[PDB]
Structures are given as structure tokens and as C-alpha cells.
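Encoded as C-alpha cells, the following chain is the form deposited in one PDB entry, with no partner shown.
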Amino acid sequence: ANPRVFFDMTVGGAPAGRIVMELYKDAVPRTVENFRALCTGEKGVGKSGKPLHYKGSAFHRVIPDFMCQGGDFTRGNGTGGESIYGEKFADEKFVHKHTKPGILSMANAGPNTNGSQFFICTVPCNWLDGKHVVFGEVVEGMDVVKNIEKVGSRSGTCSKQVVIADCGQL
């Protein structure tokens, strides 16, 4: 089966709902296994000294009509993150594309620099194809994603704190 994982989100401390994501284990198992394990926290503490876990981390970069980015649980600002493999890992495959709202894809700092940061597209983003590894999609809770999008800005800075208050695997 393709794993299903969830984030229970807060915005400004108030519950904003649950996002459920299907992960394409069939197509990109290594990338999926990293994300899945970071949802459960099962690997424990990373080399960075932080739990390898999305719980309590924030969406630090949100741009309306584009995407919501999170996953930096070591620095909280886009400079951090750690994978279950080490600091970074290679681009697995580009078989999936950024075809619709809710696509889940890896943020990076160029080729072969995947860590723990990810983004959820709110629009089709074909200009990202071949540059970011797509590894799943939001299957429930696009309203929650739109909730988050509305506290974003053109620069990505959020006007309220957006937190993964709980997460895990279904």
C-alpha cells in the first residue's frame, strides 16, 4: 500500500484541521520512506541533535497562489532539516510532475540536496518539473492548505504561526 500520513495543523495556535497525504511509495520509495518516518518520529534523534520528527515544526514559507513550505525542524527558517539517510539525499526520480493543487514535493537547494523540507503546491507548478522530486499528494484537507495559504505573503513570510501540532501515519 501507499502510506497515508497526516498533519494536524494550528494557525495562530488554533486548530485549522487535518491534512492527509498519500505517499507514492510505489514510485519513489526512498523519498517516501524519509517523509513517512519523519511523520512518525520513529527513528529517534538525528545527528543534528533534534528529533527526526515533523511534530511541532512550522510552515515557515507560504506564498499565496504558489505553495506552502515546511519541514525545517532543526532551524525553523529554511536553512535546516535532516533526512533519515544523513544531512541530504539524492534526487530519486522525476517521474511525477507538479500537475495539480495538493502535490507534495521536496524543497531543496539545488540538485541532490533533499533533506526534510517539503512543499505542498496550491496551483499546478510545471516550472518546477525536473527540479523537485514529487512524492505524494494531499488527499484530504485542501481547505486546511487554503487556510494556511491565507496567512502567507508574496515574500513567503507568515502573518500567523502555522504549526504541525501533531502528525503520524494512518
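For every residue, the number given is its place in the sequence shown, counted from 1.
Just so you know, the form solved in complex with a partner chain exists too; it's not on screen, but the next bit is about it.
For the candidate spot formed by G78, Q117 and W127, every residue has a non-hydrogen atom within 4.5 angstroms of the partner chain in the deposited bound form. The candidate stretches are 28-36, 103-111, 133-141, 51-59, and the one lying within 4.5 Å of the partner chain in the deposited bound form by heavy atoms is 103-111. Although the partner is absent here, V145 sits far enough away that none of its heavy atoms falls within 4.5 Å of the partner chain in the deposited bound form.
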